[PDB]
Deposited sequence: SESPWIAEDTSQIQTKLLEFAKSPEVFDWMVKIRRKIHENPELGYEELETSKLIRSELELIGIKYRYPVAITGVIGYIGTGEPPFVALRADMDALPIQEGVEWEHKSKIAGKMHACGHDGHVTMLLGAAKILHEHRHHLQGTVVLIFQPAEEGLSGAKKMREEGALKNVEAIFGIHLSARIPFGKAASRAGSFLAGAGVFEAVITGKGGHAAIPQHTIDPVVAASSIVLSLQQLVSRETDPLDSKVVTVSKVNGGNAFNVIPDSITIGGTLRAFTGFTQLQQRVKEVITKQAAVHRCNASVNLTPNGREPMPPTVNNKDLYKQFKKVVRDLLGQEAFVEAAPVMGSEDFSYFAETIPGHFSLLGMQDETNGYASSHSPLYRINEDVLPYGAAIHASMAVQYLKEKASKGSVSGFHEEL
């Protein structure tokens, strides 16, 4: 019922205040200096110790006993090089950049949560870890924080992402496979005269075939050939799946290889070209999802819980929920007539009145988890 606190003029105004400053000054991946300085100042003001730097601009705060169990809450920090088309007082003052992906609401609701949780810190049966992650858009920030030990000793992490595809004030998630993974591959087709070209256009159609839709949105698999360019032809492609990703990677390789061989050609295929490691699908741990549904129902209502549909989007949170139990949820903003623009657009819009919902959900989820682990 801490939503009442989260909605307080003092707290809500403070949250809306910080959200706007970040919104007016969008910073790109790994260059979120000002966003990072603000987060650190608010943690300082609230009364929360933190580790900095992590992944250049990242910050990790602590609330509780200081001892295990450790549970983490995560928010992204970076904007995108998009010109804000929304005309308003708090529009980005940085031309060509915009927080058109809600992250502003994310850092915001994470500082909210930090502020609130601190209010009840001596009651926490463990330590809530607050992760302020840089460069989510380029899908390399979560992995970099992991490399730097951000996940050590931590046993369960929760993340929230505002959504224009979910009704306002409803949190949406599902158990297990939720967000699609993504990988790339590179192939070089060289003649062991025109065969290489014959082989290349063949392989292309043959890989484009693999893409398909079925009756379960979790079975969707796609392979996109984007690069192709005669002694040798380089073919750069991508692949995505919610399940059986490894089996799809091998299929892409097998096809290119055999389709090259029957055309008397050499086949060079790389599934991690230039250090582009695959990003596995985002999997929501059943226990966290099961616990999460309760937190949402107890807080908002028996009807707020929105069972999410598998999505083929991009969210590097998966590098966390694969290494430790993870739970990723959406937070609704959409109104009755769909006036709220979809994420990734010059017109994107968070309804600023959603901040207390995620702040409470963030705060609450960390408490119930700990107050459950100790049961």
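Chemist: Relative to the deposited sequence numbered from 1, which residue ranges are unmodelled?
Modeler: Those stretches are 1-15, 208-216, 254-261, 408-418, listed in order.
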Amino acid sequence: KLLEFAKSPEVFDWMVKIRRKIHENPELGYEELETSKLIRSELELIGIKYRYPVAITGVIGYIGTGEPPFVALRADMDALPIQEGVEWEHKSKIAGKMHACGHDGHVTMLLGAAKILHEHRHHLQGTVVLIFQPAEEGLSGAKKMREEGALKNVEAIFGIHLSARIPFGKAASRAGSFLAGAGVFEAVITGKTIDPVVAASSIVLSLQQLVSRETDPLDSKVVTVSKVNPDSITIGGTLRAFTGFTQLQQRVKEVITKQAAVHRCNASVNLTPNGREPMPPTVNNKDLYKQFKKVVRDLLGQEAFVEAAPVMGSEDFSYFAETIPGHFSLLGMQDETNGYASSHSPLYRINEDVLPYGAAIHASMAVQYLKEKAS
From here on, numbers count along this sequence of modelled residues.
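Chemist: Quick check: 260-268 versus 148-156, which has the larger average CA B-factor in the record?
Modeler: Result: 260-268.
Chemist: Could you settle it for me: does 77-85 or 295-303 have the higher average Cα B factor in the PDB entry?
Modeler: The recorded data point to 295-303.
Chemist: Looking at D287, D231, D216, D104, which has the highest CA B-factor as recorded?
Modeler: Within the set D287, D231, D216, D104, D231 shows the top C-alpha B-factor.
Chemist: From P281, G183, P167, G236, pick the one with the largest CA B-factor in the entry?
Modeler: Checking the PDB record, the top C-alpha B-factor among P281, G183, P167, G236 is at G236.
Chemist: Sorting by Cα B-factor within the chain, modelled residues only, which third would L139 end up in: lowest, middle or highest?
Modeler: CA B-factor rank for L139: middle third.
Chemist: Thinking about Cα B factors across the chain, which third does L43 belong to?
Modeler: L43: CA B-factor falls in the lowest third of its chain.
Chemist: Would you mind checking where the Cα B-factor of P9 ranks among the modelled residues of its chain, as the lowest, middle or highest third?
Modeler: CA B-factor rank for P9: highest third.
Chemist: Sorting by Cα B-factor within the chain, modelled residues only, which third would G176 end up in: lowest, middle or highest?
Modeler: Tercile = lowest for this residue's CA B-factor.
Chemist: Ordered by C-alpha B-factor within the chain, which third holds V198? Give me lowest, middle or highest, please.
Modeler: Highest third.
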